[PDB]
Each structure stands twice: as C-alpha cells, then as structure tokens.
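What you see below is based on every heavy atom in this structure, not just the backbone, and it leaves out hydrogens, waters and symmetry mates. Order of the sequence lines sets the chain letters (A, B, ...), proteins ahead of strands, with each chain counted from 1.
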Amino acid sequence: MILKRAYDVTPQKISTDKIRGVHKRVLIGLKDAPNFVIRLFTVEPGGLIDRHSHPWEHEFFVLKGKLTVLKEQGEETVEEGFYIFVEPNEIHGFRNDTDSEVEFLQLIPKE
Amino acid sequence: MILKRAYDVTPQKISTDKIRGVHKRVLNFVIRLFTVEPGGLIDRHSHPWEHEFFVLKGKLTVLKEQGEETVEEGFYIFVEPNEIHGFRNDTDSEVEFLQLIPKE
C-alpha cells in the first residue's frame, strides 16, 4: 500500500477567469495507478469556482467549513460532513461565503 | 445533483470474528464512512477490488502484509487489489475514515 499525508502534497494556487482564491492538491492524479482521481481543494474566504460542467461525473466530500454549492438554477450552502454527487454534464460551482478556509475532496471515478 | 449529510445515514454495526467495534455508513463506485471505536479492529483481510481511504478523525493503525503503520486524520491510503490489510484503533477516542471502492 501507499500511505501519505494530504497536506504534505504541494498545493497549486489557482487564479484564472473562472477560479479565484483556491488551492488544489492532487492526492491521486490522472497518471497514478488507482482508478479514482482524488483532489483536495482549499478555498479562501471569498474564493470562487464559477459554474461549469464536464461530461464526467464528480463526487465531493466537505471536510471543513461551510461550502456554498452553485447549481444550474440556484445554489445551496452545506457544511462539513456533506457529500455531493454531480451527474455528467451537470452545472456546478463553489463559493466560500465564510471568514474561514473551507476544504473539500473531489473524487472522480476513472472510466 | 445530490447533496446529503453523511452523518445522517444510520450506521450499521459490524460484528464478526474479524471485525469488532466498527460501524459503517454507505453514502459506478461505493463510498462508505467507517467509525472505529477505541480498541476496535478490522482484522487483516483482502478483496479483489482496490480500496482508497481518507482518514477523517483520529489516529488510525493500518495493518499491512508486512507490519503496521499508524496514520492520522488527513492521511490518504491506496490498497492494491487482493492486498491484505486491516485497521485497529489504539486510541481512546473514535476514529473515522472514508472508504472508496471503484467498480472498475
């Protein structure tokens, strides 16, 4: 087996036209042996992953804080301990409406 | 899209010769959230599917084909198909972890 500390993985700060205030850690990447992509996202206060979609299904698990989830036709705020399933091509995004860092896992089954 | 609180799933207690002090919530693929009581044990076993784990709470002792390793919340684990593994809680508080099993 492999056993590693998620927070030791190098964080990639992302700042683009549709993502701000976000760091990404690739725990299990596209090119690794396991059949699951696993990323840990840290969202700064006011950070935003704008609405978008991908033809693959995503799962998410909220590790710390309150995470606002953007949807095609609205939004909903959840907190640590929630899990989220996003179907293929389904619009989704994220926002941190709090004064604290919010953390969540992104899980992608490899096809 | 589905948005649900994992801890609202009612846990199933697991009591076998090789599993004690353990509760499981089920959240293609499967994702489960395990809670291990102090002194709880998931004895060494294997399955033909791979496993990934993410430790949510506490200090988790991982049983391997050669030896043991204690990790804590924030660690993640990959277990190859058919690799013997297990878990023990050597602490006095509850330990929690996610288990992911891909179908492929």
Query raised in the report: CZ/B:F29 to CD1/A:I108 distance, rounded to the nearest 0.5 angstrom?
Result: 11.5 Å

Requested in this report: Would you mind reporting whether B:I31 and A:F85 have side-chain heavy atoms less than 4.5 Å apart?
Outcome: no

Query - Spatial distance of atom CG (A:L107) from atom CG (B:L98) [nearest 0.5 Å] - result: 8.0 Å

Report summary line: Applying a strict 4.5 Å limit to non-hydrogen atoms, the region of B:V62 in contact with chain A is side chain

Query raised in the report: Can you tell me if CG on A:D99 sees more than 12 non-hydrogen neighbours from other groups inside 6.0 Å?
Result: no

Query raised in the report: Roughly how far apart are B:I77 CD1 and A:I28 CD1, rounded to 0.5 Å?
Result: 10.5 Å

Report task. Decide whether A:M1 and B:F97 are clustered together by the hydrophobic rule: side chain heavy atoms of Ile, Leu, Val, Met, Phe, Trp, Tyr closer than 4.5 Å, transitively. Result -> yes

Query raised in the report: What option among B:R5, B:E104, B:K64, B:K4 has the most heavy-atom pairs under 4.5 Å with chain A?
Result: B:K4

Query - Which portion of B:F53 sits near chain A, non-hydrogen atoms under 4.5 angstrom - result: neither

Query raised in the report: Does CD1 belonging to A:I91 count more than 12 external heavy atoms closer than 6.0 Å?
Result: yes

**Report entry** Proximal component of A:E59, with respect to chain B [non-hydrogen, under 4.5 Å]
**Finding:** side chain

**Report entry** Side chain / backbone / both / neither for A:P34 at chain B, heavy atoms under 4.5 Å
**Finding:** both

Requested in this report: Could you state whether A:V9 and A:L40 fall into the same hydrophobic cluster, counting links through intermediate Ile, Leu, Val, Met, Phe, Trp or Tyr residues with side-chain heavy atoms under 4.5 angstrom apart?
Outcome: yes

Requested in this report: Measure A:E72 against the heavy atoms of chain B and call it side chain, backbone, both or neither at under 4.5 Å.
Outcome: neither

Requested in this report: Heavy-atom distances under 4.5 Å only: say whether A:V62 touches chain B with side chain, backbone, both or neither.
Outcome: neither

Requested in this report: Specify the closest pair of heavy atoms between A:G81 and B:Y7, including all atoms of both residues, with the distance to one decimal.
Outcome: CA-CE1, 3.8 Å

Report summary line: Honestly, the part of A:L63 sitting under 4.5 Å from a heavy atom of chain B is side chain

Report task. Report the C-alpha distance between A:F61 and B:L27 in whole Å, list the side-chain angles of each, state the deciding distance to 0.1 Å, and finish with yes or no for side-chain contact (heavy atoms from CB on, under 4.5 Å). Result -> CA-CA 10 Å; A:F61 187 93; B:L27 307 189; 4.1 Å; yes

Query raised in the report: Taking atom OG1 of A:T77 and atom CG of B:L3, what is their separation to the nearest 0.5 Å?
Result: 10.5 Å

Query raised in the report: Do A:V22 and A:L27 share a hydrophobic cluster, counting only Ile, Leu, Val, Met, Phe, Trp and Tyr and linking them when any side-chain heavy atoms are less than 4.5 Å apart?
Result: no

Query raised in the report: Heavy-atom count around A:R20 CZ within 6.0 Å, excluding the residue itself: above 12?
Result: no

Query raised in the report: Same cluster for A:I14 and A:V102 if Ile/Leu/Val/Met/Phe/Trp/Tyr side chains link at under 4.5 Å?
Result: yes

**Report entry** Other residues, nucleotides, ligands: >12 heavy atoms within 6.0 Å of B:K13 NZ
**Finding:** no

Query raised in the report: Does one hydrophobic cluster hold both A:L48 and A:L67, with members joined at side-chain heavy-atom distances below 4.5 Å?
Result: no

